[PDB]
């Protein structure tokens, strides 16, 4: 519907109805940014065709209490910045509190909205909210993929077994869907209290040391749309060249460090891709980084979109389910409870340091996250309980948590999703093994351990 720099395959109809006479509403959830946002861009273009203004609505659920302050403050601080950015474009933004199923339905009826638009998330709860909203409105309802370069439903119509089968499908579609963004045209027809409330409720559950001092260090990542672009620029200028060689060395700060911003949608992944492609850097680094942000990120969306049990044992490939089941009665060399993992009270100082990097920074290094989750399986009572422990700690403490990438990455580590079978072992069966000595031969483990006590 309408457009010049607008591929209509990025948009799909969720509900048919008679377009009302009122404003077009972008229900923003996953992509909390004003620039490089196809969902906001398509809402703007729709509003222009109907000769009405575009508005933005955001509903804050009670689901923040299940995580921590660190995610709550990162999102809210960024949202305070976004509120101003939209204001400059004469686009009003309304922030609701409660269940989106009821509030968004009510918001469209009370403000006489003409069209409703939302962005795309493959997670179960978003689909739940959408179905409730559909049953509570009569205006058309659209969905736009503003998070993936190639729309999730276009890249593939099925669960992809591996990156080597998904890669050619995804990259074949890049010349069509990888394109520059148009400017957001302003409207022509023209929070801080929520933040103090949520913190007061989340203070009793704060991660604290033995000195009653909080563990989280908030200065490693400034939230917001402007900071995200700043992190992207310094990556291309200072880190991209060495990425290909040092990306898996957790003693070196060579990752992009973009994942917190990407998760809350404060920066567009397509934007990162556009700028990295144009950079003249190590071709091996660019290929490695573009592979991660394109293939692996968007195959995580694919995984959750086509496996609604994406966070459960049932979603593992049959060979992994058969192997792990056979080893359910094997004696584990160690058994730790969730609380003992959470506090870093295992026998393994490398594991403990990884959990400490997570507790202190809210961003565990990408390489050690594999080691971290595989030892949770190795030292747990059962595969299901390891999945519970890993998902729990990931979503509680990772700034980028509660994300398709986390479920796919944990399912890769514990259940062999998007991996293959390896040598038979006790307890972990044919799931890929990673060892302390394997890490010693790859990077300075003692240095990593010492930085994080």
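Numbering follows the first chain given and starts at 1.
In this entry, residue 190 and residue 191 are separated by 10 or more residues of the deposited sequence that lack coordinates. If you average the C-alpha B-factors over 337-345 and over 88-96, the higher value belongs to 88-96. The PDB entry reports B-factors from which the mean C-alpha value can be compared for 400-408 and 29-37; the larger average falls on 29-37. Which of 75, 104, 304, 150 has the largest Cα B-factor in the deposited entry comes down to 104. Remark: of 384, 419, 395, 62, 62 shows the highest value [criterion: C-alpha B-factor in the PDB entry].
For residue 221, the recorded CA temperature factor ranks within the middle third of the chain's modelled residues. Among all modelled residues in its chain, residue 432 ranks in the lowest third by Cα B-factor.
Per the PDB record, residue ranking by Cα B-factor puts residue 314 in the middle third of the chain. Sorting the modelled residues of the chain by their CA temperature factor places residue 71 in the middle third. When the modelled residues of the chain are ordered by their C-alpha B factor, residue 49 lands in the highest third.
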